[PDB]
Amino acid sequence: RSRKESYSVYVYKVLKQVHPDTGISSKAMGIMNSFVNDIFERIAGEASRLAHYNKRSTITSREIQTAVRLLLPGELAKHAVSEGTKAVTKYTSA
Amino acid sequence: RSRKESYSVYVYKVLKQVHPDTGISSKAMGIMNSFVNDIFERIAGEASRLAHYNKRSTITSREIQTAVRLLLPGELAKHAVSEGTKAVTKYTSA
Amino acid sequence: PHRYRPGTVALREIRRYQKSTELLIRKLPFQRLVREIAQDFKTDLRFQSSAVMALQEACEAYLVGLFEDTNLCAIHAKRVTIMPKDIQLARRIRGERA
Amino acid sequence: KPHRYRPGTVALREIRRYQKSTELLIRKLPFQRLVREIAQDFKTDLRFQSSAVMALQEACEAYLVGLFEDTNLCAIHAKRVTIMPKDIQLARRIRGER
Amino acid sequence: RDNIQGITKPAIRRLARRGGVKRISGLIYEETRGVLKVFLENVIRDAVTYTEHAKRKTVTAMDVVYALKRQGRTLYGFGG
Amino acid sequence: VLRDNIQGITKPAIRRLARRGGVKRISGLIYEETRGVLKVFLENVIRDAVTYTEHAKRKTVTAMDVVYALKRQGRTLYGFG
Amino acid sequence: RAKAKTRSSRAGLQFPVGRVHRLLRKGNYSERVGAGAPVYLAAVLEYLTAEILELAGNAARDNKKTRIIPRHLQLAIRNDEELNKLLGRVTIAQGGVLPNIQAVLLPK
Amino acid sequence: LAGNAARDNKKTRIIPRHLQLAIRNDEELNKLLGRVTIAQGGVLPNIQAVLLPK
DNA sequence: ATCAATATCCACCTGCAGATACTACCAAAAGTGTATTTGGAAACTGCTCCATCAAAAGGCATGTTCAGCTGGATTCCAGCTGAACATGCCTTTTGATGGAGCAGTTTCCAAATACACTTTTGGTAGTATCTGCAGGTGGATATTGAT
């Protein structure tokens, strides 16, 4: 009884959102899982470093915002920052 | 007004061991501190990764040994491994 | 009899192999080479199939990138033939020799 | 009737002189003004420590020296001794910066 | 044990055609064989280190993925 | 404000930087080219540095921010901490 | 009690907020973790996935196909500046290369 | 290594130049520290053979 | 420009590996509520060092002239690489067998943590002190360029 968690169903939801009638193979889905894991580890490592530099003991939204700004370029950084900010305000105001 | 720890005195002891009558400037000592900190963080990060891969919760001597082997090349790896092993046996047998 | 001029089949092959995604080395020779190389670090190792597949993907990507760099170093000297000194320059600049 | 060195002599002498030394090769004040101008383009009303601008200077000089070495290699590859912009572009492309 | 001549000359020429090369010297084949053997032993050393640290005898795909990632050559697709 | 300071990197300074790199003969078009390169480099570091400074809610750029930026771009620097 | 409306639905996302929270805790990144950090990270990850998937789907529909394969992911990544510069050092298995021949090698 | 370099240049006190000369002259150290910059270190004296006269 | 010969591309067909649903279930994984602690935000303050000024002085940058040597174009030739055939060897498929080694389970025990005191030891300031080293002087040495 050994499981194996993955982001397959969430990637599938996003795909059905942006392309309602296109599918995806299994190897492309493995590529997408690898991509999500890689970017997650990058952002989390950078935020941990930022928290250590300032002698803080907590990872908050500002650490994630600054890590996003340090990692993504230009268009990507701007739009990701806007998306995350909107998400956090929508979450707290609910 | 808070103190600032460093490896100055230990580097000085090692120097007086290998070169009994040579001194060292202050900028070279800052270089040596930077070097020690950098190598320490490299080894410790690699050992942490190794411990996470095997779903272990403890950093032991084997993790440090494998990190040393993964980071240093050839001569350096061999001699560092021998030195650390001798140190650990000398420590436990005392 | 019909004969193409030297260089036509070359560009035809270039387009063909840049349109494709296959592997360009045979699998059994690469497997034997990998096992023989691993023979010196430890004896009696086993390999999953996906391990050798990953090794092959990585090696082919590396070599194709190196060949692009070599082609640039060749064109820089006003040639079209790649020579070993172009490979050596590309690797020296990348830092793989230095 | 006055003494003149042949072209390339003072250049080799200067090569030895500047490879034997460790000083900085850019004036401090122009570099500091340049750094402050760029920073102002990024965020207004900034301040700087002295060691920060010194670190920036050391890093930038090391970068440019390494780039010039790679450029020299690319130039010699083409059977020249004069470095030209296309060599800088080839070096920066093989390195992976453009 | 010439398993390095298993990488035939037409195979290297195919690899060169994919990289956009239009003409190939005759001394290129030995050079690429040397380069490839260097790269391969560099990767397999760390793969076998990762393996024997875990006290296993079978080299897994994840060991190769880690050995590649530590060289700065991340590889997507075999993360399972 | 201050504008047009890239010209303070004079031709003799670039010639010296090239001498330390082993370069014997220099084209006349190199200087301009070089300046561009340098500017790009600085803009990539200072930005990162400033991103650290605003994170701590500071207003002065310290040497540690520069060292962190250089390290995160793979250009580690020993001597300043 | 009440209906357990979760967290990703609260934030209006598709990605899991609770799983990201657990991964941030267990991954040994800091000794405490805020409440908005998983929401922010989930939103960013979903945005990036949607971007790359839209590009890949356009490529797939361009080659008259209905199902994305790794070749389409490679074509999407390598053809965009910011993605190619974010993922400049990754190898996609079964991806191939970009069709590109130098101009000097062409005849005439 | 740095002390041997320093005693080679007829000096009794190590400076960053000696650390750079020690690091760059050894294979395994230069390959461990291949991507670091030592402040006030300089470079290695080295001129290509084709640039020399004659 | 002609056209004959190849290779590529587009339409159509179809058998099949691969995507897609569903039921099951189920371990596990998330949401709710709560009581507790503690890390981080506020307000204050003291002092450090960063921006500003200025002045003098010399060391570096600018511009000009002259010449030499290097890069770039042209020509010619030899040799080395590509294109095409004809074999024949080696890879690929696929079907099956042992079997060894990896993954899950159970103990249970040696090792790591939390807590409380205590001695030391390493770090800073002040004040001090030599001393190796940077800058200057002069003379010898070695190298270059024109005969």
# chains A, B, ... in the order shown; residues from 1 in each chain; ligands from 1

$ residues_around --residues "stretch 30-46 of chain D" --least-positions-apart "2" --cutoff "10 Å" --atoms "only C-alpha atoms (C1' of nucleotides)" --output "ChimeraX atom specification"
/D:26-28,48,50,53-54,56-57 /F:1-10,39,42-43,46-47,49-51,53-54,58-61

$ residues_around --residues "stretch 31-45 of chain E" --least-positions-apart "3" --cutoff "10 Å" --atoms "only C-alpha atoms (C1' of nucleotides)" --output "MDAnalysis selection string"
(chainID B and resid 70) or (chainID C and resid 33:35 37:38 40:42 55:56 58:60 62:63 66:67 83:85 87:88 91 96) or (chainID E and resid 4:9 12 27:28 48:51 59 63:68 70:71)

$ interface_residues --of "chain D" --to "chain I" --cutoff "8 Å" --atoms "only C-alpha atoms (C1' of nucleotides)" --output "PyMOL selection string"
chain D and resi 5+7+47-49+80

$ closest_atom_pairs --of "chain F" --to "chain B" --cutoff "10 Å" --atoms "only C-alpha atoms" --output "CSV"
residue,atom,partner,partner_atom,distance
F:76,CA,B:38,CA,9.3
F:77,CA,B:34,CA,8.6
F:78,CA,B:31,CA,5.5
F:79,CA,B:31,CA,4.8
F:80,CA,B:30,CA,7.4
F:81,CA,B:34,CA,6.1

$ select_by_dssp --residues "chain E" --states "helix (DSSP H, G or I)" --output "PyMOL selection string"
chain E and resi 9-18+28-53+61-70
